[PDB]
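Colleague: Next comes start.txt, compact mmCIF, N, CA and C atoms:
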```txt
# COMPACT_ATOMS: atom_id res chain seq x y z
N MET A 1 -138.37 156.02 -59.04
CA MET A 1 -137.61 154.99 -58.28
C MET A 1 -138.03 153.59 -58.71
N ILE A 2 -137.04 152.75 -59.01
CA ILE A 2 -137.29 151.38 -59.43
C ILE A 2 -136.69 150.38 -58.45
N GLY A 3 -137.52 149.47 -57.96
CA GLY A 3 -137.05 148.47 -57.02
C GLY A 3 -137.97 148.32 -55.82
N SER A 4 -137.55 147.50 -54.86
CA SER A 4 -138.34 147.28 -53.65
C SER A 4 -138.47 148.57 -52.84
N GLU A 5 -139.64 148.77 -52.25
CA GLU A 5 -139.91 149.96 -51.44
C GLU A 5 -138.97 150.07 -50.24
N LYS A 6 -138.73 148.96 -49.55
CA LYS A 6 -137.85 148.97 -48.38
C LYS A 6 -136.45 149.43 -48.75
N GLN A 7 -136.03 149.14 -49.97
CA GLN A 7 -134.70 149.53 -50.44
C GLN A 7 -134.57 151.05 -50.50
N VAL A 8 -135.64 151.72 -50.94
CA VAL A 8 -135.64 153.17 -51.05
C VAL A 8 -135.42 153.82 -49.69
N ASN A 9 -136.13 153.34 -48.68
CA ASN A 9 -136.00 153.88 -47.33
C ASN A 9 -134.57 153.71 -46.81
N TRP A 10 -134.01 152.54 -47.05
CA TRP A 10 -132.65 152.24 -46.62
C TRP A 10 -131.65 153.18 -47.29
N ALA A 11 -131.84 153.40 -48.58
CA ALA A 11 -130.96 154.28 -49.35
C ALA A 11 -130.97 155.70 -48.79
N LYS A 12 -132.14 156.16 -48.36
CA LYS A 12 -132.28 157.51 -47.82
C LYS A 12 -131.41 157.70 -46.58
N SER A 13 -131.35 156.68 -45.72
CA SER A 13 -130.54 156.77 -44.51
C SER A 13 -129.07 156.92 -44.86
N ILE A 14 -128.66 156.25 -45.94
CA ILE A 14 -127.28 156.31 -46.40
C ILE A 14 -126.90 157.73 -46.81
N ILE A 15 -127.82 158.39 -47.50
CA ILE A 15 -127.60 159.76 -47.96
C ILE A 15 -127.36 160.71 -46.80
N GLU A 16 -128.18 160.59 -45.76
CA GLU A 16 -128.04 161.45 -44.59
C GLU A 16 -126.68 161.24 -43.93
N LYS A 17 -126.26 159.98 -43.87
CA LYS A 17 -124.97 159.64 -43.28
C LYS A 17 -123.83 160.29 -44.04
N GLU A 18 -123.90 160.23 -45.37
CA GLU A 18 -122.87 160.82 -46.22
C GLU A 18 -122.80 162.34 -46.03
N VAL A 19 -123.97 162.96 -45.91
CA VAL A 19 -124.06 164.40 -45.73
C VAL A 19 -123.34 164.85 -44.46
N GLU A 20 -123.58 164.14 -43.37
CA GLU A 20 -122.96 164.47 -42.09
C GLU A 20 -121.44 164.33 -42.16
N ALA A 21 -120.97 163.29 -42.83
CA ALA A 21 -119.54 163.05 -42.96
C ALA A 21 -118.84 164.18 -43.71
N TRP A 22 -119.46 164.66 -44.78
CA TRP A 22 -118.89 165.74 -45.58
C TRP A 22 -118.87 167.06 -44.82
N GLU A 23 -119.92 167.34 -44.07
CA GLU A 23 -119.99 168.58 -43.31
C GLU A 23 -119.01 168.56 -42.13
N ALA A 24 -118.98 167.43 -41.43
CA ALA A 24 -118.12 167.24 -40.26
C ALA A 24 -116.63 167.10 -40.59
N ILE A 25 -116.31 166.38 -41.67
CA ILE A 25 -114.91 166.17 -42.04
C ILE A 25 -114.12 167.46 -42.25
N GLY A 26 -114.61 168.36 -43.09
CA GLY A 26 -113.90 169.61 -43.32
C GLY A 26 -114.77 170.84 -43.16
N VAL A 27 -115.73 170.99 -44.07
CA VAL A 27 -116.63 172.13 -44.04
C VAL A 27 -118.02 171.76 -44.52
N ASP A 28 -118.99 172.62 -44.23
CA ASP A 28 -120.37 172.39 -44.64
C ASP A 28 -120.50 172.50 -46.15
N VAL A 29 -121.12 171.50 -46.77
CA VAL A 29 -121.30 171.50 -48.22
C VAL A 29 -122.76 171.23 -48.60
N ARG A 30 -123.53 172.31 -48.75
CA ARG A 30 -124.94 172.20 -49.10
C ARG A 30 -125.11 171.59 -50.49
N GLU A 31 -124.23 171.97 -51.42
CA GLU A 31 -124.29 171.45 -52.78
C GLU A 31 -124.08 169.94 -52.81
N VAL A 32 -123.15 169.46 -52.00
CA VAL A 32 -122.87 168.03 -51.94
C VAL A 32 -124.09 167.25 -51.48
N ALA A 33 -124.74 167.75 -50.44
CA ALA A 33 -125.93 167.11 -49.89
C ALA A 33 -127.05 167.05 -50.92
N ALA A 34 -127.19 168.12 -51.69
CA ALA A 34 -128.23 168.20 -52.71
C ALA A 34 -128.05 167.09 -53.75
N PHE A 35 -126.81 166.81 -54.10
CA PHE A 35 -126.51 165.77 -55.08
C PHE A 35 -127.03 164.41 -54.62
N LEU A 36 -126.73 164.04 -53.38
CA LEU A 36 -127.19 162.77 -52.84
C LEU A 36 -128.71 162.72 -52.76
N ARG A 37 -129.31 163.83 -52.36
CA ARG A 37 -130.76 163.93 -52.25
C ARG A 37 -131.43 163.80 -53.61
N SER A 38 -130.80 164.38 -54.63
CA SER A 38 -131.33 164.34 -55.99
C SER A 38 -131.27 162.94 -56.60
N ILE A 39 -130.55 162.03 -55.95
CA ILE A 39 -130.44 160.67 -56.47
C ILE A 39 -131.81 160.01 -56.53
N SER A 40 -132.24 159.67 -57.75
CA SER A 40 -133.53 159.04 -57.96
C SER A 40 -133.43 157.52 -57.95
N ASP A 41 -132.21 156.99 -58.07
CA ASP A 41 -132.00 155.55 -58.07
C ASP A 41 -131.40 155.07 -56.76
N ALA A 42 -132.21 154.36 -55.97
CA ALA A 42 -131.78 153.83 -54.69
C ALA A 42 -130.65 152.81 -54.85
N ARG A 43 -130.76 151.98 -55.88
CA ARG A 43 -129.76 150.95 -56.14
C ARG A 43 -128.38 151.55 -56.37
N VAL A 44 -128.33 152.78 -56.88
CA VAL A 44 -127.06 153.45 -57.14
C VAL A 44 -126.27 153.64 -55.85
N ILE A 45 -126.96 154.08 -54.80
CA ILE A 45 -126.32 154.31 -53.51
C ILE A 45 -125.76 153.01 -52.94
N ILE A 46 -126.54 151.94 -53.01
CA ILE A 46 -126.11 150.64 -52.49
C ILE A 46 -124.87 150.15 -53.22
N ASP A 47 -124.89 150.24 -54.55
CA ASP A 47 -123.77 149.81 -55.37
C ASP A 47 -122.52 150.61 -55.03
N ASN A 48 -122.72 151.90 -54.78
CA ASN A 48 -121.63 152.81 -54.45
C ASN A 48 -121.46 152.93 -52.93
N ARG A 49 -122.13 152.06 -52.18
CA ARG A 49 -122.04 152.09 -50.72
C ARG A 49 -120.59 151.96 -50.26
N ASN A 50 -119.85 151.05 -50.87
CA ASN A 50 -118.45 150.85 -50.50
C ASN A 50 -117.61 152.07 -50.88
N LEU A 51 -118.00 152.73 -51.96
CA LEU A 51 -117.29 153.92 -52.44
C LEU A 51 -117.40 155.07 -51.44
N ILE A 52 -118.58 155.21 -50.84
CA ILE A 52 -118.82 156.27 -49.86
C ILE A 52 -118.24 155.93 -48.49
N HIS A 53 -117.55 154.80 -48.38
CA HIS A 53 -116.95 154.39 -47.12
C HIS A 53 -116.01 155.47 -46.61
N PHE A 54 -115.89 155.58 -45.29
CA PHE A 54 -115.02 156.58 -44.69
C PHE A 54 -113.57 156.12 -44.71
N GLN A 55 -112.70 156.98 -45.23
CA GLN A 55 -111.28 156.69 -45.32
C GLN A 55 -110.55 157.06 -44.03
N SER A 56 -109.23 156.91 -44.06
CA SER A 56 -108.39 157.22 -42.91
C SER A 56 -108.72 158.59 -42.34
N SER A 57 -108.31 158.82 -41.10
CA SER A 57 -108.56 160.09 -40.43
C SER A 57 -107.87 161.25 -41.15
N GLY A 58 -106.88 160.93 -41.99
CA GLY A 58 -106.19 161.97 -42.72
C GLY A 58 -107.03 162.52 -43.85
N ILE A 59 -107.71 163.63 -43.58
CA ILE A 59 -108.57 164.27 -44.57
C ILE A 59 -107.78 164.79 -45.76
N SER A 60 -106.53 165.16 -45.54
CA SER A 60 -105.69 165.68 -46.61
C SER A 60 -105.57 164.65 -47.73
N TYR A 61 -105.34 163.40 -47.35
CA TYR A 61 -105.21 162.32 -48.31
C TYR A 61 -106.50 162.17 -49.12
N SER A 62 -107.63 162.16 -48.40
CA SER A 62 -108.94 162.02 -49.02
C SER A 62 -109.23 163.17 -50.00
N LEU A 63 -108.84 164.38 -49.62
CA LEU A 63 -109.06 165.55 -50.46
C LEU A 63 -108.31 165.42 -51.79
N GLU A 64 -107.10 164.89 -51.73
CA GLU A 64 -106.29 164.72 -52.93
C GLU A 64 -106.98 163.80 -53.93
N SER A 65 -107.53 162.69 -53.44
CA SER A 65 -108.22 161.74 -54.30
C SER A 65 -109.46 162.38 -54.92
N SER A 66 -110.22 163.09 -54.09
CA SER A 66 -111.44 163.76 -54.54
C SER A 66 -112.31 162.85 -55.41
N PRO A 67 -112.89 161.79 -54.81
CA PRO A 67 -113.74 160.84 -55.53
C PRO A 67 -114.91 161.53 -56.25
N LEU A 68 -115.43 162.59 -55.63
CA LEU A 68 -116.55 163.33 -56.20
C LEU A 68 -116.16 164.05 -57.49
N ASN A 69 -114.86 164.18 -57.74
CA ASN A 69 -114.39 164.84 -58.96
C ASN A 69 -114.03 163.81 -60.03
N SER A 70 -114.43 162.56 -59.81
CA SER A 70 -114.15 161.48 -60.75
C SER A 70 -115.13 161.51 -61.93
N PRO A 71 -114.64 161.59 -63.18
CA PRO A 71 -115.53 161.62 -64.34
C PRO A 71 -116.30 160.30 -64.50
N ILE A 72 -115.64 159.19 -64.17
CA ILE A 72 -116.25 157.87 -64.28
C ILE A 72 -117.41 157.70 -63.30
N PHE A 73 -117.17 158.02 -62.03
CA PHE A 73 -118.19 157.91 -61.00
C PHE A 73 -119.36 158.83 -61.33
N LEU A 74 -119.02 160.06 -61.67
CA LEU A 74 -120.00 161.08 -62.02
C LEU A 74 -120.77 160.71 -63.29
N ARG A 75 -120.12 159.95 -64.18
CA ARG A 75 -120.75 159.53 -65.43
C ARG A 75 -122.01 158.71 -65.16
N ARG A 76 -121.93 157.79 -64.20
CA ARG A 76 -123.07 156.95 -63.86
C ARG A 76 -124.23 157.81 -63.36
N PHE A 77 -123.89 158.85 -62.60
CA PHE A 77 -124.90 159.76 -62.05
C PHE A 77 -125.34 160.78 -63.10
N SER A 78 -124.78 160.69 -64.30
CA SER A 78 -125.12 161.61 -65.38
C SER A 78 -126.61 161.52 -65.71
N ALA A 79 -127.14 160.30 -65.68
CA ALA A 79 -128.55 160.07 -65.97
C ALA A 79 -129.44 160.85 -65.02
N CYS A 80 -129.05 160.90 -63.75
CA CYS A 80 -129.83 161.63 -62.76
C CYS A 80 -128.92 162.25 -61.71
N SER A 81 -129.15 163.54 -61.44
CA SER A 81 -128.37 164.30 -60.46
C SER A 81 -128.74 165.78 -60.52
N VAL A 82 -128.19 166.57 -59.61
CA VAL A 82 -128.46 168.00 -59.58
C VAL A 82 -127.18 168.79 -59.35
N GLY A 83 -126.90 169.74 -60.25
CA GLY A 83 -125.70 170.54 -60.12
C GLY A 83 -124.43 169.72 -60.31
N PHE A 84 -124.57 168.56 -60.94
CA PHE A 84 -123.44 167.67 -61.20
C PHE A 84 -122.35 168.32 -62.03
N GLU A 85 -122.73 169.08 -63.04
CA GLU A 85 -121.76 169.73 -63.89
C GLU A 85 -121.04 170.83 -63.12
N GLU A 86 -121.71 171.34 -62.09
CA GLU A 86 -121.15 172.39 -61.25
C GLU A 86 -120.60 171.82 -59.94
N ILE A 87 -120.78 170.51 -59.73
CA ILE A 87 -120.31 169.87 -58.51
C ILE A 87 -118.79 170.00 -58.36
N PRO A 88 -118.01 169.60 -59.38
CA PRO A 88 -116.54 169.68 -59.32
C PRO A 88 -116.05 171.09 -58.98
N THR A 89 -116.70 172.09 -59.56
CA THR A 89 -116.32 173.49 -59.32
C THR A 89 -116.49 173.88 -57.86
N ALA A 90 -117.64 173.54 -57.28
CA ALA A 90 -117.93 173.86 -55.89
C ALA A 90 -116.95 173.17 -54.95
N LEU A 91 -116.64 171.91 -55.26
CA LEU A 91 -115.72 171.12 -54.46
C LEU A 91 -114.32 171.71 -54.47
N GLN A 92 -113.91 172.22 -55.62
CA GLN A 92 -112.58 172.82 -55.75
C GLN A 92 -112.45 174.00 -54.79
N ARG A 93 -113.54 174.75 -54.65
CA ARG A 93 -113.59 175.90 -53.77
C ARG A 93 -113.40 175.46 -52.33
N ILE A 94 -113.97 174.31 -51.99
CA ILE A 94 -113.87 173.77 -50.63
C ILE A 94 -112.43 173.49 -50.23
N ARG A 95 -111.69 172.81 -51.09
CA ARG A 95 -110.29 172.50 -50.79
C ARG A 95 -109.49 173.79 -50.80
N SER A 96 -109.90 174.69 -51.69
CA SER A 96 -109.26 175.99 -51.86
C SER A 96 -109.44 176.87 -50.63
N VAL A 97 -110.64 176.85 -50.08
CA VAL A 97 -110.99 177.64 -48.91
C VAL A 97 -110.48 177.00 -47.63
N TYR A 98 -110.48 175.67 -47.58
CA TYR A 98 -110.01 174.95 -46.41
C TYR A 98 -108.55 175.27 -46.12
N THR A 99 -107.72 175.21 -47.16
CA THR A 99 -106.30 175.50 -47.02
C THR A 99 -106.06 176.97 -46.68
N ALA A 100 -107.00 177.82 -47.09
CA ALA A 100 -106.89 179.25 -46.83
C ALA A 100 -106.88 179.51 -45.33
N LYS A 101 -107.70 178.76 -44.61
CA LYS A 101 -107.80 178.90 -43.17
C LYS A 101 -106.47 178.56 -42.50
N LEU A 102 -105.81 177.53 -43.01
CA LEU A 102 -104.52 177.11 -42.47
C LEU A 102 -103.49 178.22 -42.59
N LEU A 103 -103.45 178.86 -43.76
CA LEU A 103 -102.51 179.95 -44.00
C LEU A 103 -102.76 181.11 -43.06
N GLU A 104 -104.04 181.40 -42.81
CA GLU A 104 -104.41 182.49 -41.92
C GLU A 104 -103.91 182.24 -40.50
N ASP A 105 -104.00 180.98 -40.06
CA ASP A 105 -103.55 180.61 -38.73
C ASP A 105 -102.08 180.23 -38.74
N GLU A 106 -101.24 181.11 -38.21
CA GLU A 106 -99.80 180.87 -38.16
C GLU A 106 -99.34 180.64 -36.73
```
Could I get this structure in the form of structure tokens?
Modeller:
Amino acid sequence: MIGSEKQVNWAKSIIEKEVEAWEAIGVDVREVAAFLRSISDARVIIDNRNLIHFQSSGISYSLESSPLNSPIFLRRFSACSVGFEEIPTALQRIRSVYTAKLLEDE
């Protein structure tokens, strides 16, 4: 970790917040949480703080965008991350499984 110590602590709180949003919004995503936790650069979270902002209540819209499946965003995290190459795959399953529930409920 490079930077002020207080910054690191602040960044950690951001990660926890993001984790709760992902689990609560649609479904529990352990892999997603691991990615944020694996972040070794605190400054990265702050810079991407606006990116992790919560969008409209319409989760369907957010799912379509799938920011986590962005090659550009993911590129920056290429230097440091965990399961990043497998992140897009796991996420696809989430949208895939989420819609499955809808079909089941008629």
Colleague: So what do you get for atom CA of residue 9 of chain A versus atom CA of residue 24 of chain A, distance-wise?
Modeller: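 Between these atoms lies a distance of 23.4 Å.
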Colleague: Give the answer as one residue: which of A:42, A:37, A:97, A:104 has the shortest atom-to-atom distance to residue 4 of chain A, using only C-alpha atoms?
Modeller: A:42
Colleague: Report the residues of segment 4-66 of chain A whose backbone DSSP state falls under helix (DSSP H, G or I), written as JSON, numbers by chain.
Modeller: {"A": [5, 6, 7, 8, 9, 10, 11, 12, 13, 14, 15, 16, 17, 18, 19, 20, 21, 22, 23, 24, 25, 30, 31, 32, 33, 34, 35, 36, 37, 38, 42, 43, 44, 45, 46, 47, 59, 60, 61, 62, 63, 64, 65]}
Colleague: With N, CA and C atoms kept, could you save the residues just selected as a compact mmCIF listing (two decimals), in the coordinates of the input?
Modeller:
```txt
# COMPACT_ATOMS: atom_id res chain seq x y z
N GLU A 5 -139.64 148.77 -52.25
CA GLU A 5 -139.91 149.96 -51.44
C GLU A 5 -138.97 150.07 -50.24
N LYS A 6 -138.73 148.96 -49.55
CA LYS A 6 -137.85 148.97 -48.38
C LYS A 6 -136.45 149.43 -48.75
N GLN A 7 -136.03 149.14 -49.97
CA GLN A 7 -134.70 149.53 -50.44
C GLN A 7 -134.57 151.05 -50.50
N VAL A 8 -135.64 151.72 -50.94
CA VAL A 8 -135.64 153.17 -51.05
C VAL A 8 -135.42 153.82 -49.69
N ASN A 9 -136.13 153.34 -48.68
CA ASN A 9 -136.00 153.88 -47.33
C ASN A 9 -134.57 153.71 -46.81
N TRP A 10 -134.01 152.54 -47.05
CA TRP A 10 -132.65 152.24 -46.62
C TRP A 10 -131.65 153.18 -47.29
N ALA A 11 -131.84 153.40 -48.58
CA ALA A 11 -130.96 154.28 -49.35
C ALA A 11 -130.97 155.70 -48.79
N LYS A 12 -132.14 156.16 -48.36
CA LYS A 12 -132.28 157.51 -47.82
C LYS A 12 -131.41 157.70 -46.58
N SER A 13 -131.35 156.68 -45.72
CA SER A 13 -130.54 156.77 -44.51
C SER A 13 -129.07 156.92 -44.86
N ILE A 14 -128.66 156.25 -45.94
CA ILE A 14 -127.28 156.31 -46.40
C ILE A 14 -126.90 157.73 -46.81
N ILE A 15 -127.82 158.39 -47.50
CA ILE A 15 -127.60 159.76 -47.96
C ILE A 15 -127.36 160.71 -46.80
N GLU A 16 -128.18 160.59 -45.76
CA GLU A 16 -128.04 161.45 -44.59
C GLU A 16 -126.68 161.24 -43.93
N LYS A 17 -126.26 159.98 -43.87
CA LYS A 17 -124.97 159.64 -43.28
C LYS A 17 -123.83 160.29 -44.04
N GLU A 18 -123.90 160.23 -45.37
CA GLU A 18 -122.87 160.82 -46.22
C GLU A 18 -122.80 162.34 -46.03
N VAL A 19 -123.97 162.96 -45.91
CA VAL A 19 -124.06 164.40 -45.73
C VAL A 19 -123.34 164.85 -44.46
N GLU A 20 -123.58 164.14 -43.37
CA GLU A 20 -122.96 164.47 -42.09
C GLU A 20 -121.44 164.33 -42.16
N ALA A 21 -120.97 163.29 -42.83
CA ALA A 21 -119.54 163.05 -42.96
C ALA A 21 -118.84 164.18 -43.71
N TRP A 22 -119.46 164.66 -44.78
CA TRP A 22 -118.89 165.74 -45.58
C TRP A 22 -118.87 167.06 -44.82
N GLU A 23 -119.92 167.34 -44.07
CA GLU A 23 -119.99 168.58 -43.31
C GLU A 23 -119.01 168.56 -42.13
N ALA A 24 -118.98 167.43 -41.43
CA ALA A 24 -118.12 167.24 -40.26
C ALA A 24 -116.63 167.10 -40.59
N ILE A 25 -116.31 166.38 -41.67
CA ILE A 25 -114.91 166.17 -42.04
C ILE A 25 -114.12 167.46 -42.25
N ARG A 30 -123.53 172.31 -48.75
CA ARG A 30 -124.94 172.20 -49.10
C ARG A 30 -125.11 171.59 -50.49
N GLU A 31 -124.23 171.97 -51.42
CA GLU A 31 -124.29 171.45 -52.78
C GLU A 31 -124.08 169.94 -52.81
N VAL A 32 -123.15 169.46 -52.00
CA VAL A 32 -122.87 168.03 -51.94
C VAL A 32 -124.09 167.25 -51.48
N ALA A 33 -124.74 167.75 -50.44
CA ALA A 33 -125.93 167.11 -49.89
C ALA A 33 -127.05 167.05 -50.92
N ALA A 34 -127.19 168.12 -51.69
CA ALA A 34 -128.23 168.20 -52.71
C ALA A 34 -128.05 167.09 -53.75
N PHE A 35 -126.81 166.81 -54.10
CA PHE A 35 -126.51 165.77 -55.08
C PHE A 35 -127.03 164.41 -54.62
N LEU A 36 -126.73 164.04 -53.38
CA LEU A 36 -127.19 162.77 -52.84
C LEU A 36 -128.71 162.72 -52.76
N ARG A 37 -129.31 163.83 -52.36
CA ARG A 37 -130.76 163.93 -52.25
C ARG A 37 -131.43 163.80 -53.61
N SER A 38 -130.80 164.38 -54.63
CA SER A 38 -131.33 164.34 -55.99
C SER A 38 -131.27 162.94 -56.60
N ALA A 42 -132.21 154.36 -55.97
CA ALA A 42 -131.78 153.83 -54.69
C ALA A 42 -130.65 152.81 -54.85
N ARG A 43 -130.76 151.98 -55.88
CA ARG A 43 -129.76 150.95 -56.14
C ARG A 43 -128.38 151.55 -56.37
N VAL A 44 -128.33 152.78 -56.88
CA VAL A 44 -127.06 153.45 -57.14
C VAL A 44 -126.27 153.64 -55.85
N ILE A 45 -126.96 154.08 -54.80
CA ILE A 45 -126.32 154.31 -53.51
C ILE A 45 -125.76 153.01 -52.94
N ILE A 46 -126.54 151.94 -53.01
CA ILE A 46 -126.11 150.64 -52.49
C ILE A 46 -124.87 150.15 -53.22
N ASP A 47 -124.89 150.24 -54.55
CA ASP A 47 -123.77 149.81 -55.37
C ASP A 47 -122.52 150.61 -55.03
N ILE A 59 -107.71 163.63 -43.58
CA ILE A 59 -108.57 164.27 -44.57
C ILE A 59 -107.78 164.79 -45.76
N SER A 60 -106.53 165.16 -45.54
CA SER A 60 -105.69 165.68 -46.61
C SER A 60 -105.57 164.65 -47.73
N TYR A 61 -105.34 163.40 -47.35
CA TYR A 61 -105.21 162.32 -48.31
C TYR A 61 -106.50 162.17 -49.12
N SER A 62 -107.63 162.16 -48.40
CA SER A 62 -108.94 162.02 -49.02
C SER A 62 -109.23 163.17 -50.00
N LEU A 63 -108.84 164.38 -49.62
CA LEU A 63 -109.06 165.55 -50.46
C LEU A 63 -108.31 165.42 -51.79
N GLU A 64 -107.10 164.89 -51.73
CA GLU A 64 -106.29 164.72 -52.93
C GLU A 64 -106.98 163.80 -53.93
N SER A 65 -107.53 162.69 -53.44
CA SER A 65 -108.22 161.74 -54.30
C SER A 65 -109.46 162.38 -54.92
```
Colleague: Mind pulling up the distance from atom CA of residue 21 of chain A to atom CA of residue 80 of chain A?
Modeller: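 Atom CA of residue 80 of chain A sits 22.4 Å away from atom CA of residue 21 of chain A.
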Colleague: How many Å lie between atom N of residue 91 of chain A and atom CA of residue 106 of chain A, rounded to one decimal?
Modeller: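 Taking atom N of residue 91 of chain A as the start and atom CA of residue 106 of chain A as the end point, the length is 25.6 Å.
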Colleague: Taking into account only N, CA and C atoms, which residue in the set A:90, A:6, A:64, A:100 is nearest to residue 32 of chain A?
Modeller: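 Among A:90, A:6, A:64, A:100, it is A:90 that comes nearest to residue 32 of chain A.
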Colleague: If we count only C-alpha atoms, what is near segment 68-71 of chain A at a cut-off of 10 Å, once residues fewer than 4 positions away on the same chain are taken out, given as a tab-separated table (two decimals) with N, CA and C atoms, in the coordinates of the input?
Modeller:
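File written: result_5.tsv
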```
chain	number	residue	atom	x	y	z
A	32	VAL	N	-123.15	169.46	-52.00
A	32	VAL	CA	-122.87	168.03	-51.94
A	32	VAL	C	-124.09	167.25	-51.48
A	52	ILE	N	-118.58	155.21	-50.84
A	52	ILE	CA	-118.82	156.27	-49.86
A	52	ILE	C	-118.24	155.93	-48.49
A	63	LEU	N	-108.84	164.38	-49.62
A	63	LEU	CA	-109.06	165.55	-50.46
A	63	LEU	C	-108.31	165.42	-51.79
A	75	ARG	N	-120.12	159.95	-64.18
A	75	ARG	CA	-120.75	159.53	-65.43
A	75	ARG	C	-122.01	158.71	-65.16
A	76	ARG	N	-121.93	157.79	-64.20
A	76	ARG	CA	-123.07	156.95	-63.86
A	76	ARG	C	-124.23	157.81	-63.36
A	77	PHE	N	-123.89	158.85	-62.60
A	77	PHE	CA	-124.90	159.76	-62.05
A	77	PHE	C	-125.34	160.78	-63.10
A	78	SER	N	-124.78	160.69	-64.30
A	78	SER	CA	-125.12	161.61	-65.38
A	78	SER	C	-126.61	161.52	-65.71
A	84	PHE	N	-124.57	168.56	-60.94
A	84	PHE	CA	-123.44	167.67	-61.20
A	84	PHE	C	-122.35	168.32	-62.03
A	87	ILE	N	-120.78	170.51	-59.73
A	87	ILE	CA	-120.31	169.87	-58.51
A	87	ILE	C	-118.79	170.00	-58.36
A	88	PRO	N	-118.01	169.60	-59.38
A	88	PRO	CA	-116.54	169.68	-59.32
A	88	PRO	C	-116.05	171.09	-58.98
A	89	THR	N	-116.70	172.09	-59.56
A	89	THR	CA	-116.32	173.49	-59.32
A	89	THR	C	-116.49	173.88	-57.86
A	91	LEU	N	-116.64	171.91	-55.26
A	91	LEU	CA	-115.72	171.12	-54.46
A	91	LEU	C	-114.32	171.71	-54.47
A	92	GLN	N	-113.91	172.22	-55.62
A	92	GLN	CA	-112.58	172.82	-55.75
A	92	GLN	C	-112.45	174.00	-54.79
```
Colleague: What residues have an atom no more than 5 Å from (-136.8, 157.0, -59.1) in the file's own frame, counting all atoms listed in the file, and can you write them as a ChimeraX atom specification?
Modeller: /A:1-2,40-41
Colleague: Near residue 20 of chain A, counting only C-alpha atoms, which residues have an atom at most 12 Å away, once you skip same-chain residues fewer than 5 positions from it, shown as a tab-separated table (two decimals) with N, CA and C atoms, keeping the file's coordinate frame?
Modeller:
```tsv
chain	number	residue	atom	x	y	z
A	13	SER	N	-131.35	156.68	-45.72
A	13	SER	CA	-130.54	156.77	-44.51
A	13	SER	C	-129.07	156.92	-44.86
A	14	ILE	N	-128.66	156.25	-45.94
A	14	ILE	CA	-127.28	156.31	-46.40
A	14	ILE	C	-126.90	157.73	-46.81
A	15	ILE	N	-127.82	158.39	-47.50
A	15	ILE	CA	-127.60	159.76	-47.96
A	15	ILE	C	-127.36	160.71	-46.80
A	25	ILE	N	-116.31	166.38	-41.67
A	25	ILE	CA	-114.91	166.17	-42.04
A	25	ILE	C	-114.12	167.46	-42.25
A	26	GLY	N	-114.61	168.36	-43.09
A	26	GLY	CA	-113.90	169.61	-43.32
A	26	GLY	C	-114.77	170.84	-43.16
A	27	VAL	N	-115.73	170.99	-44.07
A	27	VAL	CA	-116.63	172.13	-44.04
A	27	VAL	C	-118.02	171.76	-44.52
A	28	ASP	N	-118.99	172.62	-44.23
A	28	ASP	CA	-120.37	172.39	-44.64
A	28	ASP	C	-120.50	172.50	-46.15
A	29	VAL	N	-121.12	171.50	-46.77
A	29	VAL	CA	-121.30	171.50	-48.22
A	29	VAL	C	-122.76	171.23	-48.60
A	30	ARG	N	-123.53	172.31	-48.75
A	30	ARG	CA	-124.94	172.20	-49.10
A	30	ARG	C	-125.11	171.59	-50.49
A	32	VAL	N	-123.15	169.46	-52.00
A	32	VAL	CA	-122.87	168.03	-51.94
A	32	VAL	C	-124.09	167.25	-51.48
A	33	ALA	N	-124.74	167.75	-50.44
A	33	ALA	CA	-125.93	167.11	-49.89
A	33	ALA	C	-127.05	167.05	-50.92
A	36	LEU	N	-126.73	164.04	-53.38
A	36	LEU	CA	-127.19	162.77	-52.84
A	36	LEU	C	-128.71	162.72	-52.76
A	54	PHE	N	-115.89	155.58	-45.29
A	54	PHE	CA	-115.02	156.58	-44.69
A	54	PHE	C	-113.57	156.12	-44.71
```
Colleague: Under the rule that only N, CA and C atoms are counted, which of A:81, A:59, A:12, A:101 is the nearest residue to residue 34 of chain A?
Modeller: A:81
